[PDB]
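Remarks on the structure that follows.
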Amino acid sequence: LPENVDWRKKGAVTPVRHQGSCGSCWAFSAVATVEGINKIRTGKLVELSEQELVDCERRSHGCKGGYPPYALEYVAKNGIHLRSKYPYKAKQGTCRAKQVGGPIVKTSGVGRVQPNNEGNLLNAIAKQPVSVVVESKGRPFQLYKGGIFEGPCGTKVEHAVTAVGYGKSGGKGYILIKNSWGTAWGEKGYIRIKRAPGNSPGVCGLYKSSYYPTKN
Ligand SMILES: *[C@@H](C(=O)O)[C@H](O)C(=O)N[C@@H](CC(C)C)C(=O)NCCCCNC(N)=[NH2+]
């Protein structure tokens, strides 16, 4: 395993986006992982539609919160359209997957990493971008402006994000995360969260529930 990994440098990460006031983080996390694996397999970075998921994947609740593994199952089964063909509007509407055209990106399944273990997570990230969860309700997290984040924060997760890398910053290990709150938050939309060693729920509950899409 490499000491440091950063999928941004390998052209596998699209620019940071803004979910607005719609509890759509679950769709944002899911889309970022599929954009990454599509780049890795085909050599092409294309932007995909969070809105298709919000409108069509209904085991989830649209703008009221959802579930990354379900979103990942929807993509493996139905594939997903381009962001330019089915743009994000921060509100749940009628599913138009079959009315919008343009090409579709499809995957072959979805993997579940065994939670609460640093190692399990690092090996998954070394491979590709991973959907991860975190407790974002605390003021420290909302007011984050930079550095290696340590909380204060509990482990009562409620916000899905995307791990696009990991590394070491002079002595402290961290995990590189792509948030969906725009570029004015954190480190140009990103946050480097401290790495809890070995068996642990992770700082702010980061090791609690991780998924990724597979692609032939
Ligand atoms: C995240 C966001 O937009 O910031 C969005 O609320 C979301 O999808 N949250 C998830 C939590 C992550 C997957 C950790 C969520 O809360 N999903 C399902 C809602 C659970 C409903 N709970 C009860 N008690 N009814």
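Excluded from the calculations below are hydrogen atoms, water molecules and symmetry mates; all remaining heavy atoms, backbone and side chain alike, are included. Counting convention: from 1, in listed order, for ligands and their atoms alike. Residues take their numbers from the sequence shown, with the count starting at 1.
Linking ILVMFWY side-chain heavy atoms closer than 4.5 Å, directly or via other members, places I80 and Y70 in two distinct hydrophobic clusters.
Of the heavy atoms in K64, none comes closer than 4.0 Å to ligand 1. The part of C22 lying near ligand 1 is the backbone, judged by heavy-atom distances below 4.0 Å. Neither the backbone nor the side chain of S209 comes within 4.0 Å of ligand 1, counting heavy atoms alone. Only the side chain of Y67 comes within 4.0 Å of ligand 1, counting heavy atoms alone; its backbone N, CA, C and O stay farther away.
When only interatomic distances are considered, the shortest N/O to N/O separation between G66 and ligand 1 falls below 3.5 Å. For ligand 1, one of its N or O atoms has an N or O atom of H159 under 3.5 Å away. Taking only nitrogen or oxygen atoms, main chain and side chain alike, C25 reaches within less than 3.5 Å of ligand 1.
The aromatic rings of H61 and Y67 lie perpendicular to each other, with more than 60° between the two planes, well past the 30° mark. Taking the six-membered ring where the residue is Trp, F141 and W181 present perpendicular rings, their angle passing 60° and hence far from 30°.
For the pair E52 and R96, the salt-bridge criterion is not met [side-chain N within less than 4.0 Å of a carboxylate O]. Ion pairing of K156 with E135 is absent here, as no side-chain N (NZ or NE/NH1/NH2) approaches a carboxylate O to less than 4.0 Å. For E187 and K145, the salt-bridge test fails: no basic side-chain N is under 4.0 Å from an acidic carboxylate O.
By the ring-ring contact (aromatic ring centres under 6.0 Å, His included) test, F28 pairs with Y88, sequence neighbours left out.
Residue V133 approaches ligand 1 through these ligand atoms, each under 4.0 Å from one of its heavy atoms: 14 (C). Within ligand 1, the atoms closer than 4.0 Å to a non-hydrogen atom of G65 are 5 (C), 6 (O), 7 (C), 8 (O), numbered from 1 in the order shown. The ligand atoms of ligand 1 that sit less than 4.0 angstrom from a heavy atom of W26 are 8 (O).
Using a 4.0 Å threshold on non-hydrogen atoms, atom 22 (N) of ligand 1 does not count as touching the protein. For atom 7 (C) of ligand 1, the nearest protein heavy atom lies closer than 4.0 Å. Under the 4.0 angstrom criterion, atom 14 (C) of ligand 1 counts as having a protein heavy-atom contact. Within a 4.0 Å radius of atom 25 (N) of ligand 1, the protein has no heavy atom.
Between the side chains of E158 and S136, at least one donor N or O sits under 3.5 Å from an acceptor N or O.
No side-chain donor-acceptor contact under 3.5 Å links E3 to the backbone of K168. At distances below 3.5 Å, at least one donor-acceptor pair connects side-chain atoms of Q128 with backbone N or O atoms of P213.
Here the protein heavy atom with the shortest distance to atom 3 (O) of ligand 1 is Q19 NE2, 2.7 Å. Closest to atom 9 (N) of ligand 1, if we only count protein heavy atoms, is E158 O, 3.3 Å.
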